[PDB]
Amino acid sequence: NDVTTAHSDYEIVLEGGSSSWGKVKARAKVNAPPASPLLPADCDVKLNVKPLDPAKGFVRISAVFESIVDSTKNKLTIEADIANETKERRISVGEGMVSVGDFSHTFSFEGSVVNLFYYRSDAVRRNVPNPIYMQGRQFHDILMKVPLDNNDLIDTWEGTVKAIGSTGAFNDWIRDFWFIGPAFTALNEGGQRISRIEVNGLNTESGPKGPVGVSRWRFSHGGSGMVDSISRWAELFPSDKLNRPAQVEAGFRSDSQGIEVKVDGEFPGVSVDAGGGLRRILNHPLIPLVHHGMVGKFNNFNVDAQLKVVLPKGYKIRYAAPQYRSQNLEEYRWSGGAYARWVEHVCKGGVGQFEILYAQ
Amino acid sequence: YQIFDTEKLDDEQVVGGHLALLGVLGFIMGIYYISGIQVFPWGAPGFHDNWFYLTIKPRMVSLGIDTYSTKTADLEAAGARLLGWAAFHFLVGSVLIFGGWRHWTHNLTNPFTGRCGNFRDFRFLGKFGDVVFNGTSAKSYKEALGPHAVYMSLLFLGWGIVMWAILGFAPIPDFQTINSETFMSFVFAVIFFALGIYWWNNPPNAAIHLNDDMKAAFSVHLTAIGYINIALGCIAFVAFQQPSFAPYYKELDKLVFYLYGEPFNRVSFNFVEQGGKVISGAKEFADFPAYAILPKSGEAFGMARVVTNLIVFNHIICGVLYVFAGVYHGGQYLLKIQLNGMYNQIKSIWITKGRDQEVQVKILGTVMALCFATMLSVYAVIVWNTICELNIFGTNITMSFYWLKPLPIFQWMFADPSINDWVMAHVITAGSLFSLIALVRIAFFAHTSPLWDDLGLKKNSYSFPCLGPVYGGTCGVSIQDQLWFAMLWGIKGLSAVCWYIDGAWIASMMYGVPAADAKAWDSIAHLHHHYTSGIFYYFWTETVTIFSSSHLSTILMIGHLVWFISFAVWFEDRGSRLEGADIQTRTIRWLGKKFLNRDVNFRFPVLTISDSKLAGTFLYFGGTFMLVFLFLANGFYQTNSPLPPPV
Amino acid sequence: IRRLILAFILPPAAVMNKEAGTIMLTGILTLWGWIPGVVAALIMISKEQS
Amino acid sequence: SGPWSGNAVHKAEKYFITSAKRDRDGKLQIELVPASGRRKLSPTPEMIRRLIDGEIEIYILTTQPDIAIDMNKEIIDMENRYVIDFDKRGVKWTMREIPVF
Amino acid sequence: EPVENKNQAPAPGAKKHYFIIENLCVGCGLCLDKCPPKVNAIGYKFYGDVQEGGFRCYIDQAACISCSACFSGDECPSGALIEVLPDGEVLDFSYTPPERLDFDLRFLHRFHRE
Ligand code: BCL
Ligand code: BCL
Ligand code: BCL
Ligand code: BCL
Ligand code: BCL
Ligand code: BCL
Ligand code: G2O
Ligand code: SF4
Ligand SMILES: [Ca+2]
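Conventions adopted
- Residues numbered from 1 in each chain as written, not as in the entry; some residues may be left out.
- Chains lettered and ligands numbered in written order.
- Part of a larger assembly, values for the part shown.
- Heavy atoms only, no water.
- Helix = DSSP H or I, 4+ residues; strand = E, 2+ residues; numbered from the N terminus.
- Rg over C-alpha atoms; globule rule 2.2 N^0.38 Å.
- Buried < 20%, exposed > 50% of the residue type's maximum accessible area, 1.4 Å probe, protein only.
- Areas by Shrake-Rupley, 256 points an atom, 1.4 Å probe, with all protein chains shown as cover.
- Axes fitted to C-alpha atoms, helices over the stretch in contact; angles between N-to-C directions.
- Parallel < 35°, antiparallel > 145°, perpendicular 65-115°, else oblique.
- Left-handed = near helix turned anticlockwise from the far one by under 90°.
- Nonpolar A, V, L, I, M, F, W, Y, C, P; charged D, E, K, R; others polar.
- Contact = heavy atoms within 4.5 Å.
- Buried area = accessible area lost by both parts, 1.4 Å probe.
- Salt bridge = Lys/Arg side-chain N within 4 Å of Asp/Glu carboxyl O.
- Pairing = 2+ DSSP bridges.
- Near = heavy atom within 4 Å.
- Polar contact = N/O pair within 3.5 Å; in protein donor to acceptor, adjacent residues only side chain to side chain.

Its PDB header attributes the entry to cryo-EM and lists the resolution as 3.08 Å.

Here it is in structure tokens:
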């Protein structure tokens, strides 16, 4: 009875032609205990994208994370207006709210993110068809306004302004505060390092309700290539490929008994052009793998995995490493064997390739 | 012919298909059991003897389900026993087909509770899986090997219980009775239990399989089971001829077998089937009702060795075909992984060690050189023995290889060691080498051959009949074509097997011929057993009795028709047939329109070269071995009285 | 001394050092002309290594 | 082990000269692409070393936007046999689709 | 602790412009059969002495409809059947196997010595 097994069922239903729109249906469970020092940890995530204006590239993305962890009904909602300006700059108007137990507070931000690669050499991109590791830096300039409606909000504002005006290492220890718990151990495990922030301003002004605290700060996410927020900067924002609303409804309930994960999404960018007429199920982001490896190495598990890639009619998978167990004339199925070994590889922190090159 | 491909089916579908086929096979077994009922339980006369039941009557009487006793009494009891066991097989096969339908449709919902079990996760039989497996094979065939070993251990145990109680054969160590088969049934339980546990706790690894390998694992296990069949055929031949099996196989000769199609009591033309029917005409042999199938003694027919030969050759033909099919399906998998590029990514000796084309060429060259050497040696020996016995070029039998017995260290394998056994062994090695040329070509030269990598060509479609007349001709170069050539080459080793087991003198083509010294082999070689006539005269001697049977004659004609029909598709005629079929279509069109106003709009179909080769090899094998069945079903006809010198 | 005796019982085990083709040939030689022919094979190859 | 890496019909990996443009006037616009079709490379000196060593096999199609005839070094004493340099040799694949029905 | 959300995961169980290189075609015709019957862009051109390889394959680009049946079939044995992508790159196959640096792994003591 004391057997640790990781059951799973992934499904990728693609759309034909240039459309990269894919439907991801992932069920999973494992009787291994979670790594949360507070249990049980249950969470739901709703991530809905609507193209607000195709001409200006503005896409309204709404993210609602609800969670209960040791009986704490946390809930973070955020609605942003992400929009490219250049190939290396994005703007994001947005609003949002965060509620923990009884406490709650809103925010409204006007952020701007500039992702600059450390090199744009033509040799690398003309020699490597699949450039995974692209070192770079990502400068975030965030202007966030919070209405100070609660006693705790004003107390925190006072404490933070006192710390900035009195402590000379706030810009450096803010990372220690901010990457709570193992997060600081994660940025070092993914090749990331966050530079000292540049708090350009802390002010408070009258607003529609009362005193609103405005913070203008800057930081820089530094990726060594393994970071998907840098190497895949254009790949992770397919607004150009976004024609209809996209959805991602996920959730995980993780008690001492085990973890159960359910995900249902439909969104673009699942299939990217690999050249030679071969579309490819996109390169797997490496940050999820190397970050989940900080928890997946804690118990030996028997993998029971099944990946069902439902190709559009007419398309065939020419390469599959590991190879597809079965095929219902469009529904290629990976189950057991080298696929199970790869599922163990990536469930424990591996970043190995799983090539799926399909073409018509 | 590809509808049930491995890729098209998943593991549960295969489980269900095998289960439903086991049920169908149990129905077939019940049919054979009922066919074996010589006297019905109600008293009336029963079915005649069929080869389908004369093949299993030895085993059935071994288990006491059948009886060699000849009185109507206790033969009625044997018939009732056979009916009961056939009904058991029928019902269990119904249940097996139900399970097979459920697995094929994946509707594994209990009809009582409705709980839908999971093929991926399922406790076996309830608590036993918890005690032993602790949870199923989450995935993987490697984790399934141990569970299957435990299942086979339970099968062995169940057979032990059944024979101990139901069939009344207690477990006794002595290996001269069926009792040991009970004893060992328990032994092989523990073994196949313990090993299973081991393979459950310590799984084995051959990473080529386990991944996308229903075809790959199927190929390996089909080759393995083909060698299992060959070993079973050899074991059956040896054991069924041993004294311990004589009560069940040698006592066939004491019985008289009324077989369907055998000579029937003939009647004059002026015959009327009324009452006694004597006044109108005269039946051939009196005391038997007109048109009745006349008795045939097993002593003359040699039914002991006939049934032994039928079983042995069944297993040998099935095993050789399974080896060839396993190599072919493994070649299909090899070609698939070569096309998709996994070939170089396999990290196992079964693929890596032959990755180099140099080693493949050296392997096939060694096989070809050994085949040339052995074939040349055996054929020179045989043709020289024929030159001597026929006294051609002034020769005489004294110059033949009568001295070339198997060495004293190898005469244990052979009852009467002579040049016949030497030629048998070396012909078997040579035929194995010949078929291995094609099997190795499938194994290695599946996607590219050294000629083709030099010629700048690659084998992609695994069934393409050719690439055209380029380079003088590219006929029959797919792995499917090599499989067909392997089958047509193993035809000869399989023949040698048939002719050896049916008593032929394969060391010379003309043994027993009434010419020169052909009948002197028994004196010069000092043979004890009088071997059936030689390779060319064996046809004649066996057809003395094939021709005496209407049924065997019908088989002869039909198999010969089937065989020669194969050339219409195997010969380089496909284009001629296509042109002629266009002419046929036009002829039908205009002839019909003139003769009948209705238009045709139909074309005569012509097989593609791939389908042509498929059907041609099927017909070639079918005719050849439907006739080998006549060779093995005429009778052994090898007596233990050597023929004196011709002079 | 272990290699040669293992060879006289298991010649292909002795030629295991040699290429897979040689190992297969020695196995076939065990199958046909067991010991004398295959013992000849192993002694030839091992003495050649010397 | 060499026949099973890449296409089995090309012992030396083949590189078609797909695109070349006279506008840049340097002929660096020559853009070699392997038969696999995933690397739009350029005729660098390392590619020259590979070509002379025989590891690769540069080829030219006839049906295309003309690469460079007499503008990329050409030998016309016989039928044209284009060369990146006299020691190099770009064997032109011939493609007769227009001349024949 | 006990307060939770709820969820159920039933996992446990409990443009193209295809061409033919006349230099390399062997005239097998495995691509002709794939061409749609009415299109029939692919045709046979004969020089002489069929056994000497005179017969060859040609795609009439006017007749071709970029249906990809000829090339996607993976039927060309010689690699003559090529696809020129809209930007331009010659594809001799739907997917060529990756290039590898190979060596025979012979172990030291146990399995394949030397
Ligand atoms: C996570 C790794 C990086 C990071 C990388 C990025 C990337 C990449 C982007 C931003 C962008 C933004 N960043 Mg940031 N950023 C990080 C840390 C921060 C922190 C912080 C306190 O930690 C803050 C305040 C911000 C601030 C902001 C905003 C100003 C801005 C818009 C966010 C928005 O869309 O949110 C709404 C909230 C969500 C979308 C919630 C879910 C977030 C996850 C990561 C998205 C997963 C997508 C999923 C795999 C695919 C689902 C398909 C769905 C249909 C969408 N960043 C760290 C250091 N940041 C964006 C931009 O350029 O702004 C101009 C942008 O594209
Ligand atoms: C503010 C954050 C950024 C951003 C950050 C990232 C990052 C970082 C990554 C992506 C990735 C992807 N994003 Mg994004 N993404 C943004 C906006 C979008 C929009 C859009 C037009 O609004 C779309 C359609 C997408 C779509 C996509 C896909 C192309 C791609 C995942 C492919 C895959 O198969 O997913 C399969 C998806 C699933 C398996 C389901 C995953 C479900 C969960 C709920 C989403 C991740 C949540 C994360 C673990 C927790 C976030 C907590 C934060 C602290 C708030 N993103 C915003 C602007 N996106 C990834 C990718 O593959 O890059 C190449 C990647 O690395
Ligand atoms: C003949 C020489 C070889 C052989 C050569 C081939 C070739 C060549 C091919 C296969 C193919 C297949 N073979 Mg095979 N294979 C052999 C032995 C076997 C054995 C075995 C007995 O152990 C098995 C299980 C298989 C299994 C299989 C499948 C993996 C696959 C698809 C079969 C199916 O769907 O066909 C559907 C048709 C069948 C069910 C078989 C035909 C029999 C009919 C349906 C039986 C009932 C009617 C009646 C009794 C007999 C027929 C004649 C009557 C006049 C109607 N082969 C024999 C010994 N095999 C094909 C495949 O796709 O490969 C990838 C393929 O091309
Ligand atoms: C004895 C152990 C043998 C073996 C004996 C057989 C035989 C015998 C047959 C199969 C059949 C099949 N085998 Mg098997 N099989 C073995 C091991 C395997 C393994 C594995 C190791 O995991 C795999 C993946 C397979 C794969 C498969 C499938 C291709 C197929 C079952 C699907 C099904 O029934 O379709 C659904 C199809 C139906 C139920 C229709 C069946 C129609 C008729 C009644 C049978 C058709 C084939 C032919 C007449 C049988 C000829 C036997 C000859 C007399 C020698 N075999 C070993 C090697 N297997 C069957 C198949 O379909 O063959 C083509 C089949 O007959
Ligand atoms: C002859 C009957 C057939 C068959 C017909 C059925 C039928 C009918 C049903 C299933 C159901 C199930 N089958 Mg089944 N199935 C067969 C063999 C298999 C094999 C195998 C060992 O290779 C596998 C992997 C499975 C898989 C499964 C499970 C997913 C599921 C049971 C869940 C579990 O917890 O049940 C615990 C027990 C099991 C794992 C069953 C194992 C198979 C046994 C041998 C069935 C015997 C049935 C027979 C009438 C009773 C005779 C018992 C005597 C002791 C011999 N079956 C046998 C050989 N299978 C059942 C279901 O859905 O359960 C909820 C169900 O009702
Ligand atoms: C020995 C036990 C099994 C066996 C188990 C396996 C396994 C396991 C695999 C194969 C695989 C294959 N088998 Mg097999 N196979 C056997 C019998 C055969 C016979 C035959 C007529 O005897 C043939 C021709 C084949 C043919 C083939 C090919 C279709 C394929 C390998 C292709 C390749 O590249 O090989 C490259 C060439 C070689 C590796 C040559 C060297 C041989 C290896 C090292 C082992 C045997 C030699 C041994 C050391 C000899 C000396 C001692 C003696 C044992 C006394 N098998 C028997 C029945 N076979 C593979 C495949 O892909 O299946 C679909 C696979 O996974
Ligand atoms: C019984 C054996 C044979 C036939 C029966 C026959 C019949 C036949 N053949 Mg054949 N054939 C060989 C055997 C037989 N070929 C051999 C061993 C070779 C090796 C060289 C060979 C070779 C070629 C080439 C190269 C070409 C052809 C053709 C061509 C036909 C198309 C029209 C025609 O000829 O009608 C004239 C022929 C007849 C109509 C024959 C009359 C029927 C009969 C009395 C009884 C049929 C019995 C039956 C076959 C048994 C089972 C049936 C049922 C119970 C399941 C056509 C009907 C070609 C054409 O299409 O052009 C004309 C062509 O080009 N062949
Ligand atoms: S004779 Fe027939 S099989 Fe041979 S190459 Fe020509 S078309 Fe192909
Ligand atoms: Ca006989």
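There is more to say, and it comes next.
A. Representation of the overall build of chain C within the structure. Within chain C one finds four helices and zero strands. Moving toward the C terminus, one meets the helices and strands of chain C in the order α-α-α-α. A compact globule built from 50 residues should have a C-alpha radius of gyration of about 10 Å, and chain C, at 9 Å, falls within 12% of that. Expressed along its principal axes, the backbone C-alpha trace of chain C runs to roughly 25 × 20 × 15 Å. Taken over 50 residues, chain C has a buried fraction of 26%. Roughly 3100 Å² of accessible area belongs to chain C as shown, and the carbon and sulfur atoms make up 73% of that amount.

B. Just the packing of helix α6 (residues 142-166) of chain B against helix α7 (residues 178-201) of chain B, in detail. Residue and element names in this part refer to chain B. Contact pair α6 / α7: the axes reach a minimum separation of 7 Å and the direction vectors enclose 160°. The angle between the axes of α6 and α7 places the two elements in the roughly antiparallel class. For α6 against α7, the interelement crossing comes out left-handed. Residues of the contact of α6 with α7, tallied by class, amount to 19 nonpolar, six polar and three charged.

C. Here's a closer look at the interface of chain A and chain B. Across the contact, 29 residues belong to chain A and 23 residues belong to chain B. Of the roughly 1900 Å² buried at the junction of chain A and chain B (both faces included), carbon and sulfur atoms supply 39%. Area buried by chain A at its contact with chain B is led by A:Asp304, A:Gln323 and A:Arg325, which between them contribute 37% of it. Grouping the amino acids of the side of chain A that touches chain B by side-chain chemistry returns 10 nonpolar, 13 polar and six charged.

D. Spotlight on the pattern of salt bridges. Counted according to the given criterion, the structure contains 42 salt bridges over all chains. A salt bridge links A:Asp240 to A:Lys241; its shortest N-O distance comes to 3.8 Å. Looking at A:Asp240, the relative accessible area reads 69%, which means it is exposed. Of the charged contacts, one joins B:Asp5 and B:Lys8 as a salt bridge, the two residues approaching to 3.9 Å between their closest N and O atoms. Linked by salt bridges that have partners in common, A:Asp9, A:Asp304 and B:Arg120 make up one network.

E. Examining the pairing of strand β21 (residues 355-359) of chain A more closely. Residues and elements named next belong to chain A. Counting buried positions along β21 gives five out of five residues, so the element sits mostly inside the fold. Because side chains alternate across β21, one face comprises the buried residues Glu355, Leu357 and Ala359, and the other comprises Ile356 and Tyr358, equally buried. Pairing of strand β15 (residues 279-281) with β21, which is carried by two bridges, proceeds in the antiparallel orientation. Of the residues in β21, the one forming a bridge with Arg280 is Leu357. Both strand β18 (residues 316-321) and β21 contribute to a ladder of five bridges, which runs antiparallel. Looking across to β21, one finds that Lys316 is bridged to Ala359.

F. Highlighting the site of ligand 2. Residue and element names in this part refer to chain A. In the region of ligand 2, 20 residues are neighbours, and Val49, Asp228, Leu236, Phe267 and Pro268 sit closest. In the environment of ligand 2, a nitrogen atom lies 3.1 Å from a nitrogen or oxygen atom belonging to the backbone of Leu236. When contributions to the shell around ligand 2 are tallied by element, the ones reaching two or more residues are β3 (41-53), β4 (58-69), α5 (228-231), β12 (246-255) and β13 (258-267). Taken together, the residues of the shell around ligand 2 sort by class into 15 nonpolar, two polar and three charged.

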